[PDB]
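In the block that follows, a single chain appears as structure tokens, in the form deposited in one PDB entry.
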């Protein structure tokens, strides 16, 4: 089974729009979930050539299976935020791990970043396990940082550095 990344194209936006939790990976584009398709396409258009982001479609055996991205890319501090979403049926099969490692390879071996970081719900044990196996380490807790489904939730920030990634491939 093959897994590859490709750039998120304007023609892929219907796919993105139909993903269940797509707002969670476009938090810096919009705050109100359930945006219209033309709202999403207009934001995409507004961000062409934006050096602070690179977004990718994850392909598995040639089918769209999710999205991975590096956002908030800061060239002075040489860091970015990593985010991923995988279609539910492709979950639990090792795809998130393989897609995440491709995006890490892009950030550290192609873009030459020093630090990658991510935010995950503190109760998402499965996700935290996957990120730890990839070399991410818990950095801190953001207390009541998100209001989700009627209550404030705690998030964990995790990070990894280029020297660690390169030393372990």
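For clarity, a rigid core is taken as the largest C-alpha set superposing within 1.5 Å between two forms. Positions refer to the first chain, counted from 1.
Quick note: we don't show the form deposited in another entry, though the next part is all about it.
Moved residue between this form and the one not shown - picked from 117, 29, 106, 56, where its Cα shifts 2 angstroms or more relative to the rigid core:
Comparing the C-alpha positions, the one residue that moves 2 Å or more is 29.
Notebook entry, point to check: Just checking, between this form and the one not shown and with the core aligned, does residue 134 shift 2 Å or more at the CA?
Noted result: Yes, because once the rigid core is superposed, the C-alpha of residue 134 moves 2 Å or more between this form and the one not shown.
Classify the change in Cα distance between residue 72 and residue 30 in that other deposited form as closer or farther, relative to the shown form (magnitude of 3 Å or more). Closer, not farther.
Between residue 34 and residue 40, do the C-alpha atoms lie closer or farther in that other deposited form than in the shown form, with a difference of 3 angstroms or more?
Closer in that other deposited form, by 3 Å or more.
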